[PDB]
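Read through the structure below, which is laid out as structure tokens, and then see the notes.
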Amino acid sequence: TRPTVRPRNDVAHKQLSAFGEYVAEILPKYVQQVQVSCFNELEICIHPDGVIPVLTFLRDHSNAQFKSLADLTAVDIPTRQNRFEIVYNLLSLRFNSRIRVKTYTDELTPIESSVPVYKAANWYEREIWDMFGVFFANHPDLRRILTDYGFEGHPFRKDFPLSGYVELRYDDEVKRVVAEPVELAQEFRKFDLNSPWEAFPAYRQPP
Amino acid sequence: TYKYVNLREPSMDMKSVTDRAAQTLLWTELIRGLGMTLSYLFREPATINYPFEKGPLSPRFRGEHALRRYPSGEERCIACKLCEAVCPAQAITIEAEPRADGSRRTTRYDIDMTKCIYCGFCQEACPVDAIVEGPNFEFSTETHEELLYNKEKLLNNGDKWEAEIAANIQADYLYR
Amino acid sequence: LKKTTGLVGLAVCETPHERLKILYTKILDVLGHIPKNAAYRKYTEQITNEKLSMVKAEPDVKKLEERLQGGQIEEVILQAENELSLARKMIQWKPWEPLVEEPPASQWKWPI
Amino acid sequence: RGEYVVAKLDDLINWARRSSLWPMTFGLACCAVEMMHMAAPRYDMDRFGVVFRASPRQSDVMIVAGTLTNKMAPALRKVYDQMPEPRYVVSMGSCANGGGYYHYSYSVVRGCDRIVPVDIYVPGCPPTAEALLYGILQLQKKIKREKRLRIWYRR
Amino acid sequence: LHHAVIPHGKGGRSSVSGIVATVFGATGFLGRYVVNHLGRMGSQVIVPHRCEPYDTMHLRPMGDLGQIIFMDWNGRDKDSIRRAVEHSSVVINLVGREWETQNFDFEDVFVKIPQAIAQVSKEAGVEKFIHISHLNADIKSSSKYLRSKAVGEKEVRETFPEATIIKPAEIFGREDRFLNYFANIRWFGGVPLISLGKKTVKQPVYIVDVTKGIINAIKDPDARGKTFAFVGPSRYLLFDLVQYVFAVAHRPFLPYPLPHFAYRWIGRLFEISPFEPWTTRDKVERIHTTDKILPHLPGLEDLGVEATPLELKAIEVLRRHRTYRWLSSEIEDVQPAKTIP
Amino acid sequence: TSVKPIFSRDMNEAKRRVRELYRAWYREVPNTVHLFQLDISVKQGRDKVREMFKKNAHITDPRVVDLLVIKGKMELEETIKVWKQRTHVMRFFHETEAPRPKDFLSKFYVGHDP
Amino acid sequence: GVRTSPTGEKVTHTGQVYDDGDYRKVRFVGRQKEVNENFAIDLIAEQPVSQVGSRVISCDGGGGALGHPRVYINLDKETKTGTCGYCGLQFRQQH
Amino acid sequence: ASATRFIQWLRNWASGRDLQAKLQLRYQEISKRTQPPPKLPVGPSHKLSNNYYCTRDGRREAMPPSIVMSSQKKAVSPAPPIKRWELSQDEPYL
Ligand SMILES: CCCCCCCCCCCCCCCCCC(=O)OC[C@H](COP(=O)([O-])OCC[N+](C)(C)C)OC(=O)CCCCCCCCCCCCCCCCC
Ligand SMILES: CCCCCCCCCCCCCCCCCC(=O)OC[C@H](COP(=O)(O)OCCN)OC(=O)CCCCCCCCCCCCCCCCC
Ligand SMILES: NC(=O)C1=CN([C@@H]2O[C@H](COP(=O)(O)OP(=O)(O)OC[C@H]3O[C@@H](n4cnc5c(N)ncnc54)[C@H](OP(=O)(O)O)[C@@H]3O)[C@@H](O)[C@H]2O)C=CC1
Ligand code: SF4
Ligand code: SF4
Ligand code: SF4
Ligand SMILES: [Zn+2]
């Protein structure tokens, strides 16, 4: 028990690994990878076709009972041909456990809406559509939720600029708020922070 | 452990039933609520007499910024740009060059007070106690441009407020 | 008999033992149409039979609830209904089949 | 003397307007919490004659208390236009002053003074309740300096 | 060019247009559009004002930080003029009043004041000078407003020979005293027109056209020393124009002829107001003056501005004059007035 | 080259969705002008709608067309339910933006942008 | 010290001053140019050189942990004084 | 604190509480606004020996996730079923 180091909980790591292969055995048609991190979080990586079967099984199966959808988000990784990773974080009150289910998609491929499984997913999918442009099929009411009316683009994409492309002001001549190309009195100052020396050998990639 | 906030069964003895009938008809629990506001009427109010009286503050208060000096009068800032690097708002802008005597000193030191979030990271980062957030919070202005501080304004703030700032730093520097 | 389950909208069940026997027996029947070697069938039959054993051998509701470790007996009935609904859905999905498709080369590599 | 009369009449209307400032019940984000603390007993803005009223038709001041986003900008301009005159705008906090922590966001207006004219800028993130009160008293002293009738007389 | 006035950016709010302009009369109808257009492109604007600072607040959003600078000035004080112009590259004079007051008469505002601004500007090295005159300015005019426009126009050219002088017809726009003037007559029942508006022809010009013409004059080296006439694209009989105004506003139109002498007496009645008179004798005269035809002067087309027809913009001005019943009627619901060919 | 469709299985099916959207926008313009009390005419509004459809005339990918139609439907819904305000409707007309001439010389005089 | 240009505009301790014909000086008309009058380059020069008896001296700026990081200054050259790079105090080794 | 006796009685009666024992206005029970200086303790890594950083470096013990299954016997649950909560013995019913 070194005072400044986070302790290891090996019992949880074993328990989550066992359940990890339990899910892989039952849904082999969809599960592509199962992993448990060093802080005991289980992630299930699935083919996108299995969003409804996998989520339904985790919610309904008597040995899972993941009744609460804590969070549903997306991550943009431009270097992948399927740049968007969709992440479901689920909570099981019966077994006091959490699980993460991950799938993928690209700009033109729809993902099945999981509202039929979790009613919570309604607004989360609208946010993903709004901020990333991922289309969810059979969504009851898919439209922007966070961005301005008529806003063009998907801001949370890595290649969308931080300050966007247009800004607003009030114009006295037309007596209304107008949108115009963005000019900054002070350009945002890009900082190059990364040290040129490797920090974590444990994560080194092969050359 | 848990407790129930609202899981109780009213008793049905004639006295309890009448007690509730009197409550319903004579408004006894509404009259009771009037008693509470009446008691407050006769309590001394909590209002202070601003601006003749001021709300209490502590030495750690984060207010208007100021650039400080050494006892000799030389500037403490040596243009290291740590405050500029850490500023979460990118509110600080700095340029520097060798001074005519060779010293490492700034030629620009701006704080956009409309960008700043008054977080105090800059004074944590400063290695020489040059940039501080002083105790002044009464410096609202009539124009936006008046809140774009340059080095002259910030140095004047330090000269204006140094008597208080030094005492505030004296009280708290042993927690830092 | 319970006056309340404590969970809003969950009505108290008058005959929980018989209701559980109906549901578990229905769950087992539905699993019969799943392939024998499908892991969903083998695991769900195993855990479904354990609950059916415990319902048969325990007549007291409170003592049965302690054995099942599923909360109120009405919570356990709801879970049985949920499992039955999943078993029917599994028949159309057939997730015991081999993986539909491998991901691209570095789909899950992190950090990039 | 005409000048003496309009000078005294300016004092009366200036006194009446600053003594009876009704902000619109308008708050946007964190800064509205400190605005709530100005109404709370310690500062009791009501004791200066400062009373919140929901309707813009019955408001004299707009305290922009928080971030103004692009989606919100047309609404803020709308309720400002719907205030009868004379009307004043107090910009509260870095977000309203110039964008603050979100200055570089694609969805934020870099200062509410791009949308409405601003009489007083209250700095801070958030300004303390006392700092906002200092800003309101500063607005009062600005109104006290107005010379509408004096200028009208010399037109 | 001094390095601080070399244009930079892409012509937006935060750009540098290189124009440093002192705009006199920026707090009026025309000034708010001129200051808006200068601030749009990142010009430095000095707004010397006589009015209460409250009445300049609408100007403040028009420029990036530091780009609108307000100064106090007095039309009789030449030092106050000098301080407002000695850093500028162009001076724009929009000072004017449609009525005389106890303190300033038409001679003061249209001769003495414009001449002083031009004289001080010349002494200060100001390079460009734009002066707004009037299309119908004439020394032989029954309107003292137009007579003074003629005198001051000659004085400006003599004091500042390189000045650009702009002579617009009546200007229509949201805050005008033209379309709004006719629309407000409804409060007195019928509309009195001298000779039933059949003996007058007007050629009104859109406010934004005048503004764009002023802005292009600053940037055009050929505009120096010239005199322009800013006129709209079509001429109308006064009766037709006023009938069209009431049609767009969906107000009942009852025109009756009023003799010239009776209208003057009415004008004198409204002049007794110590505030802004609703109408004056001089206003009646100008509204009934036919708009001159000056083919020898360059126009808006010579500055790259295509004049906006009144038919496209009347509703923008006159919608607020309708009742609830007619607020939502569209632009195509009213037929254009007969345009003189 | 085998991909999951969004709606249309081919460009022939996609073009049908485009035409239906064009009809919906064409019918709505008279309502938009009246409800929002715009000072443009129905002809200007319909010309603008035509301009927006024309800029995407070169698409040959059915999935891209399907996404353009989905966004077109969303934009139409925002307009019909008056979620958009007048400022949002008028943003299509860029009324406050000055022309940027496209000839080489005009760009050359004003700056370094190509 | 704080000089004035021929136009009368004060020159700052950074040497800034608008040249004649710079329109930007209009921003000061009717107002003022904020200039700090205490020039640190002048103030530090007023400090006396400290004589020490050792080849190396340390400076922390004074006030312990309220000064600057502690540095050590070499005093082997007699052609000049050692100067603290943080605060500008000068030191000399005597004989 | 400065209320007269009768006024204290009146507001005590109206509210049904003894309001003088727990006044909401602070008087002299609060700390002095000037305090003696602190002398704060140091941490467990403040040592001159037996203190090599490589033996107390939490970041360098973090590891990439364990791959349980990749695409390159009794049923289990993610954890044991949660134990039922017990009623409070402090005050089970409000
Ligand atoms: C219970 C009832 C309570 C009633 C309270 C009554 C208020 C008592 C205090 C009166 C103070 C004097 C009035 C001044 C306020 C005028 C409003 C104002 O600020 O205008 C600024 C204006 C400023 O105008 P300006 O010319 O400087 O500029 C405005 C134009 N632009 C926008 C271009 C800049 O002042 C005036 O126009 C005239 C001021 C005259 C002051 C004398 C008022 C005479 C009253 C007669 C009016 C005629 C109608 C009759 C009404 C009934 C008469 C009683
Ligand atoms: C000899 C034979 C004699 C025969 C005649 C005998 C007649 C006397 C006996 C009859 C009963 C006497 C009381 C009648 C008074 C009216 C009672 C009443 O109406 O109260 C009931 C009312 C409803 O209460 P609620 O619980 O919401 O609903 C009941 C269930 N449905 O509750 C309410 O009204 C709630 C009111 C809410 C608003 C209250 C706000 C003010 C409260 C403070 C007022 C204090 C009263 C001061 C009166 C001043 C008078 C000048
Ligand atoms: N139809 C039209 O509008 C036409 C207008 N013009 C000319 O265009 C110019 C401006 O038009 P417009 O803007 O409509 O006129 P406005 O009356 O709308 O604005 C007049 C401006 O002049 C200022 N001003 C007036 N008198 C004085 C004075 N005595 N001392 C100082 N400043 C004064 C006013 O300032 P304050 O606000 O302080 O009074 C105001 O800013 C005028 O010269 C006008 O004659 C030419 C042809 C047609
Ligand atoms: S207080 Fe925070 S936001 Fe403000 S200048 Fe310092 S580091 Fe930047
Ligand atoms: S951190 Fe301190 S010494 Fe470094 S640049 Fe900022 S103010 Fe100057
Ligand atoms: S200025 Fe600061 S406190 Fe105010 S709304 Fe913005 S982030 Fe919140
Ligand atoms: Zn030192």
Side-chain angles (χ1 to χ4, degrees), chain B residues 65-68 75-89 92-96 104-106 108-109 111 113-119 121-132 151 154 158, chain D residues 2 5-6 8-17 27-35 64-69 85-86 91-103 108 112 122-128 132 146-155, chain E residues 27-29 31-32 49-58 97 101 175 273-276, chain G residues 68-69 86:
Chain B
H65 294 72
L67 284 170
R68 297 181 66 235
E75 303 167 25
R76 283 165 172 275
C77 176
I78 40 60
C80 81
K81 297 176 152 272
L82 260 56
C83 58
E84 189 188 39
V86 76
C87 183
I92 309 183
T93 313
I94 301 178
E95 308 188 346
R104 178 187 171 116
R105 306 287 162 183
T106 61
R108 173 191 299 277
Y109 192 106
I111 300 182
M113 301 295 261
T114 67
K115 276 191 199 87
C116 167
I117 57 154
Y118 303 81
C119 76
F121 285 11
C122 43
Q123 90 191 328
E124 305 167 14
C126 188
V128 292
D129 302 23
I131 187 68
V132 300
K151 191 179 171 186
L154 281 160
Chain D
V5 169
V6 299
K8 253 57 222 190
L9 283 173
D10 256 317
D11 285 19
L12 183 63
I13 72 175
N14 286 355
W15 167 85
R17 277 157 179 183
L28 292 167
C30 330
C31 273
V33 172
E34 285 286 356
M35 204 184 45
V64 187
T67 330
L68 181 66
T69 67
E85 292 203 277
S91 181
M92 200 204 169
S94 308
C95 288
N97 289 341
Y101 207 9
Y102 318 88
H103 176 100
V108 167
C112 68
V122 187
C125 193
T128 63
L132 173 67
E146 293 195 337
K147 310 191 158 279
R148 297 158 188 267
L149 299 182
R150 284 190 205 67
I151 277 167
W152 162 83
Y153 192 72
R154 299 162 202 193
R155 266 175 192 284
Chain E
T27 58
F29 173 37
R32 71 195 295 151
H49 66 104
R50 170 268 305 266
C51 61
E52 172 62 31
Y54 183 95
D55 294 307
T56 79
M57 293 306 276
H58 65 286
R97 196 98 289 171
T101 72
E175 307 89 349
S273 156
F275 319 112
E276 313 178 11
Chain G
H68 59 70
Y86 278 102

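Remember, it's 1-based here, ligands and their atoms both numbered in the order they're listed. Just so we're on the same page: letters track the sequence lines, and every chain starts at 1. FYI, side chains are in, hydrogens and waters are out, and symmetry mates aren't considered; it's all heavy atoms of this structure.
- Interface atoms of ligand 6 facing D:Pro126, defined by a heavy-atom separation under 4.0 Å, are 3 (S).
- Every residue was checked against the ring-ring contact (aromatic ring centres under 6.0 Å, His included) condition with D:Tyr101, not counting sequence neighbours, and none meets it.
- E:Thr56 has its side chain within reach of E:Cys51: a pair of non-hydrogen atoms, C-beta onward, lies under 4.5 Å apart.
- For atom 4 (Fe) of ligand 6, the closest non-hydrogen atom of the protein is D:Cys31 SG, 2.3 Å.
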Pairs under 3.5 angstrom, nitrogen or oxygen on both sides, ligand 1 versus protein: list them out, please.
from	atom 1	to	atom 2	distance (Å)
ligand 1	26 (O)	D:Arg155	NE	3.0
ligand 1	27 (O)	D:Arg155	NE	3.1

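- Contact of the D:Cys125 side chain with the B:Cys116 side chain is not registered, since no non-hydrogen atoms from C-beta on lie closer than 4.5 Å.
- Applying the ring-ring contact (aromatic ring centres under 6.0 Å, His included) rule to B:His65 yields the partners B:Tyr118; only residues at least two apart in sequence or on another chain are considered.
- In this structure a side-chain-to-backbone donor-acceptor pair under 3.5 Å is present from B:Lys151 to B:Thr106.
- Here atom 4 (Fe) of ligand 5 has protein N, O or S atoms under 2.8 Å from it, and they come to 1.
- The nearest heavy-atom contact from the protein to atom 6 (Fe) of ligand 6 is D:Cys95 SG, 2.2 Å.
- Using a 4.5 Å cut-off on side-chain heavy atoms (C-beta onward), B:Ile117 and B:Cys87 make no contact.
- Applying the 4.0 Å criterion to heavy atoms of D:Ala29 picks out, from ligand 6, the atoms 5 (S).
- The closest approach between D:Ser94 and ligand 6 falls below 4.0 Å for a heavy atom of the residue.
- E:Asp55 has no carboxylate O lying under 4.0 Å from a charged side-chain N of E:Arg50, or vice versa, which leaves the two without a salt bridge.
- Between atom CD1 of residue D:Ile13 and atom CZ of residue D:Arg148 there is a gap of 6.5 Å, rounded to the nearest 0.5 Å.
- Under a 3.5 Å cut-off, the side chain of E:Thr101 and the backbone N or O of D:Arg155 do form a donor-acceptor pair.
- Less than 4.0 angstrom separates some heavy atom of D:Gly66 from each of these atoms of ligand 6: 5 (S).
- No donor-acceptor pair closer than 3.5 Å links the side chain of E:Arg32 to the backbone N or O of E:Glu175.
- In terms of protein heavy atoms, atom 8 (Fe) of ligand 6 is closest to D:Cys30 SG, 2.3 Å.
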Apply the test side chain to side chain contact (heavy atoms under 4.5 Å, CB included) to residues B:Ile111 and B:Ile131: give CA-CA distance (whole Å), side-chain angles for both, the deciding distance (0.1 Å), then the verdict. CA-CA 11 Å; B:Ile111 300 182; B:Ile131 187 68; 3.8 Å; yes
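- Among all non-hydrogen protein atoms, the one lying nearest atom 2 (Fe) of ligand 6 is D:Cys125 SG, 2.2 Å.
- The backbone N or O of D:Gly124 sits less than 3.5 Å from a side-chain atom of D:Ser94, completing a donor-acceptor pair.
- Using a 4.5 Å heavy-atom cutoff, the side chains of D:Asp10 and D:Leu149 are in contact.
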